[PDB]
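A, B, ... follow the sequence lines: proteins, then strands. Residue 1 opens every chain. Note: hydrogens, waters and symmetry copies are ignored here, and every other heavy atom, side chains too, is used. Order of appearance sets the numbers: ligands from 1, and atoms from 1 within every ligand.
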Amino acid sequence: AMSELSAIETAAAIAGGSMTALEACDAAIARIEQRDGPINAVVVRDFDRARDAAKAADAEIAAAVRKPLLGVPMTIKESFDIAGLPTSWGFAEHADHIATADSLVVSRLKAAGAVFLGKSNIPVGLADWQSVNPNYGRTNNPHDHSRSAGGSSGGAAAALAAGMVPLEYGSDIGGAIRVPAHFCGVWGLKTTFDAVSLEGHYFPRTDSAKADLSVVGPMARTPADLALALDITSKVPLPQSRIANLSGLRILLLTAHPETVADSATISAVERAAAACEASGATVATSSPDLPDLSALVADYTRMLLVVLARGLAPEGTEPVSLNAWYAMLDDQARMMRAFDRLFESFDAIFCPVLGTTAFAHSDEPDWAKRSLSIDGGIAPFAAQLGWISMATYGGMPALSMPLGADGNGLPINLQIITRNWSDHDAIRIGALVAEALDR
Amino acid sequence: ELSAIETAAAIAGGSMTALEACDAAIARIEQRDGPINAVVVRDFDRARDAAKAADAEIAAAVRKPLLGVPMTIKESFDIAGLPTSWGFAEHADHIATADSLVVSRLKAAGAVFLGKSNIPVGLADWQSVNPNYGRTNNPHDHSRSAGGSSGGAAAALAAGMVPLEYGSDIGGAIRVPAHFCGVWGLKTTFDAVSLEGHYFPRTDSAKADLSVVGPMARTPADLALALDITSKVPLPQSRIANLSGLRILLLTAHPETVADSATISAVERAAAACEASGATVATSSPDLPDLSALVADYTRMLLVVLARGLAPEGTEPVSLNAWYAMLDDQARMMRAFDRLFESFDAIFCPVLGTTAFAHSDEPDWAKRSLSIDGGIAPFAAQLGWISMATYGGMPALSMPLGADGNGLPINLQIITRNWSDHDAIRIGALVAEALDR
Ligand SMILES: Nc1ccc(NC(=O)OCCCCO)cc1
Ligand SMILES: Nc1ccc(NC(=O)OCCCCO)cc1
Ligand SMILES: Nc1ccc(NC(=O)OCCCCO)cc1
């Protein structure tokens, strides 16, 4: 294959003097202008101001200043605010809305020295497992331009898979981080709910950012980059992982869901991952009396999701959800969260697919209820695949999406590693150890 | 009296056994709670058996930061086998089957729970009185109220019954009782400590906007340790070594309420003593949010949260979409405080405008009044001093400052930025040192 520097390797090269911040920034610009043609992932570009910031980083390096991401070029999802840059969420009506202040996540990454070259592609309203909008066009999977690289962080995942930038950052309310990392075969971490501030992830022309279920998290090509970006961006420093190796680790292996289906190639890939951990001293269960009702989980999650996305509004003549019923729904969520608390008293991590299949062909139908999917040559519902993603989003747990391999058509298959709440560093560390075990 | 850490060190050092320390606290309660009526739920039989179990762990060389330390907790927290009523008669015989999260954490650190402390009905008053247990009287003056919601907790601390407590706070429930009784109480950062087990009786409804739980003690060191034990994730420790260079915003006025003379000069005395220790003090700032708009937005959200979104028949309830917009108003107010704490390390202000008032019979706050320097001031408007930390989510420390003309304690409120709960404790400890020249 062809390789690039990771985020940490880039900072190491700049700090060591083998290259400068302006050289790494110019190399990233050239990679974008050379590879983004048939991919169309970096849809907002800030190259002139980025060269100035890289020159400012070289001036800091010269003054013996060292920061974890000093001079490291990166992009961020288009929904995040960067002062002077547009934030449209794909809407043609908000194409010329220019942010006047940097988002919290951008401010934290900048304070650590990161240089932002631009922003990556998204679907309209962030409501799709593709990345296509009338402002910028469509993002194509780098492994197969006929397939979707989407999930709403797809521009971000495509840029990482194409080697344009070593680090990115997305949001996730229905798989928006795990799914693009899965389709494009990169690393994505859905973080614990309320662990990272959503400030600056505003809907265009408002200051409305906070929303239940939704989180933001880092996306990269190595797990160590995820751990660094998480420490830079989290509200407070989260507990570091003490998991030294895989022996004794307790795994719950799920290759089936009561409300959706999975590829036989995906099922075997997840089984191959758990088997590599048994060979490293881990214990793997395939069922537990403490697994919450996943069927009831996705139903409660779906109805809370639709309420949050509609902001409590109902169609014409339809009666809306009352505020009292909303408080009861949040109680239903906390009840499910406690159910996962009992489960994680018996297990350290859940291994399961990110989605039932790999990247699907480009769709022009916005309505998910008017789509379908091809699984092992059979047709299946499209929206039903949300069940694979519901557990971490509804329960609030962190969930890692790490590369496993590829199916028969060369489309990447990823693993979903769900750990208990606030154990985001465990998920990263487990993913790091799983990759090494697969190397053996 | 021995504090929480001192009690753990004394038991570990052979000054007493966990059972002896348990018996000694039971004696202090039965000797002092007569005119106080603070520890209203008692679990002495199981506490002694838990104390004997702690002694076996001590002899087994196990060491935990609160091993064998006897304490109580606010009655609204669930303890397995004890009632949780929130002062309601209907819920007097609601027995919890499992410990609350805070109780479970404190027990895992070795704490021994003797019982629970008194509360008002529904945790909805600045007094502690209910038909199930009676009234709690301020240990400094039996005719004055002991504090609100967490009143039995603060009374037990001021009377030397137990060294550590824990309460909740949605409208000053931790700061006000600590103020009325002259003890330490920490209103923590919102969502920093799990409310699990602080359920409404016979439900699993504990989560609620604005409301937080926090420790209550007699020393700031006990607050920090109790915070580290109970927080969801360990919070950043404080790097503040002294008061030199600290940026303090001194507030003694509010556009919608008022504080009496002794309170105003007590807050200024704390500010001036930090100024003598190297801190810089300001009395105004352009980055100070509109406190009039804040207390209006806060009390609107407070009533909606307490009403669970219900409105009486005839009235139309707040729609869910309007509730979402209200939460955007709070987040907008939180960013406004973010910019304020870029210029200041802490706000110094009263906990309440006056000291502990006489026991009031009137349940309607609108029919109550307060004696402020002989004048008559509206009762409910005093929520203003409480609204900033609750609506903005910041941590707020309530620490002893002194007393007024009648010997009633006056406390200082120390507000720091969100997730700097240890900074608030640390600053409060340095203030206490500065006031002992
Ligand atoms: N029902 C449904 C809605 C949206 C998505 N897109 C997604 O993956 O998350 C979007 C992240 C938005 C953060 O506010 C998928 C399914
Ligand atoms: N994260 C998020 C996603 C979609 C919406 N939906 C919407 O259109 O509300 C815009 C706010 C209008 C305030 O007047 C809101 C937030
Ligand atoms: N309007 C108003 C309501 C309640 C209080 N009592 C208080 O201080 O907090 C109570 C803690 C409840 C935790 O759920 C004061 C004023």
Side-chain angles (χ1 to χ4, degrees), chain A residues 77 79-80 89 91 94 122-131 150-154 170-180 190 198 201-217 301-302 304-306 308-313 355 368-369 382-383 385-386 389-390 393, chain B residues 74 76-77 86 119-128 147-151 167-177 187 195 198-200 205-214 298-299 301-303 305-307 321-322 324-325 327-328 352 365 379-380 382-383 386-387 390:
Chain A
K77 192 170 170 182
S79 37
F80 286 93
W89 290 33
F91 300 103
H94 308 302
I122 43 84
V124 183
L126 312 184
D128 192 6
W129 284 338
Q130 308 182 104
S131 282
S152 111
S153 303
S171 53
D172 190 313
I173 207 179
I177 290 175
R178 294 159 283 174
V179 166
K190 185 268 175 185
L198 305 206
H201 194 271
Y202 297 132
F203 185 87
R205 316 204 126 96
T206 73
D207 61 355
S208 306
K210 256 181 175 292
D212 289 297
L213 304 162
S214 171
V215 311
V216 296
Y301 161 64
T302 295
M304 175 179 292
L305 177 65
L306 296 171
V308 171
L309 295 181
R311 287 190 68 97
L313 298 177
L355 232 45
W368 280 17
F382 189 98
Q385 296 287 323
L386 282 164
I389 234 61
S390 55
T393 298
Chain B
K74 186 173 183 166
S76 43
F77 293 84
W86 293 31
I119 39 80
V121 182
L123 313 181
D125 191 8
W126 282 340
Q127 310 171 97
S128 281
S149 190
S150 310
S168 54
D169 192 314
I170 206 186
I174 290 170
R175 295 163 287 180
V176 170
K187 185 270 168 193
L195 252 63
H198 193 272
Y199 297 131
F200 190 89
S205 301
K207 247 51 186 172
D209 294 282
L210 305 162
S211 70
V212 310
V213 294
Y298 157 73
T299 49
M301 177 175 291
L302 171 65
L303 287 206
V305 173
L306 292 173
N321 183 258
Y324 284 138
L327 292 172
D328 287 329
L352 233 57
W365 274 27
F379 190 100
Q382 298 288 326
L383 279 162
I386 250 49
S387 59
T390 297

Can you give me the closest heavy-atom contact between B:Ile174 and B:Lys187, atom names plus distance?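 Heavy atoms of B:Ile174 and B:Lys187 come nearest at CG2-N, 4.0 Å.
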
Can you give me the closest heavy-atom contact between A:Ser171 and A:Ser79, atom names plus distance?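 Shortest heavy-atom separation between A:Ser171 and A:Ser79 comes out as OG-OG, 4.3 Å.
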
I'd like to check whether B:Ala173 has a polar contact with ligand 3, where a contact means an N/O of the residue lying under 3.5 Å from an N/O of the ligand.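 There is such a contact, yes.
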
Relative to the ring of A:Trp129, is the ring of A:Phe382 parallel (under 30°), tilted (30 to 60°) or perpendicular (over 60°)?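 Because their plane-to-plane angle lies in the 30° to 60° range, the rings of A:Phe382 and A:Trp129 count as tilted.
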
May I ask you to decide if the ring planes of B:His198 and B:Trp86 are parallel, tilted or perpendicular, using 30° and 60° as cut-offs?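 Because their plane-to-plane angle lies in the 30° to 60° range, the rings of B:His198 and B:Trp86 count as tilted.
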
For A:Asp128 and ligand 1, answer yes if some heavy atom of the residue is under 4.0 Å from a ligand atom, otherwise no.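 Contact check A:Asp128 vs ligand 1: positive.
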
I need the atoms of ligand 3 closer than 4.0 Å to a non-hydrogen atom of [X], numbered in the order shown.
X: B:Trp365; answer: 16 (C)
X: B:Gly172; answer: 8 (O)
X: B:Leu302; answer: 1 (N)

Steps toward side chain to side chain contact (heavy atoms under 4.5 Å, CB included) verdict (B:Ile170, B:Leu306): CA-CA 10 Å; B:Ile170 206 186; B:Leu306 292 173; 4.2 Å; yes

Is the shortest N/O to N/O distance between A:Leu386 and ligand 1 below 3.5 Å?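 No - when backbone and side-chain N and O of A:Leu386 are compared with those of ligand 1, no distance drops under 3.5 Å.
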
Students should find this: residues with any non-hydrogen atom under 4.0 Å from ligand 2. What is the answer?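 Protein residues near ligand 2 are A:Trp89, A:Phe203, A:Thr206, A:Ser208, A:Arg311.
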
Side-chain contact test, heavy atoms from C-beta onward, threshold under 4.5 Å: evaluate it for A:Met304 versus A:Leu213 and give yes or no.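 Yes, side chains in contact.
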
So B:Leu352 and B:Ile386, do their side chains get closer than 4.5 Å, heavy atoms only?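 Sidechains of B:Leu352 and B:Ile386: in contact.
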
Is it the case that more than 12 heavy atoms not belonging to B:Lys207 sit under 6.0 Å from its NZ atom?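 Yes, the 6.0 Å shell around NZ holds more than 12 heavy atoms from other groups.
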
If you apply the rule side chain to side chain contact (heavy atoms under 4.5 Å, CB included), what do you find for B:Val213 with B:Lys74, and how did you get there? CA-CA 10 Å; B:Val213 294; B:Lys74 186 173 183 166; over 6 Å; no

Just which atoms of ligand 1 are under 4.0 Å from any heavy atom in A:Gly151?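 Those qualifying, in numeric order: 7 (C), 8 (O).
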
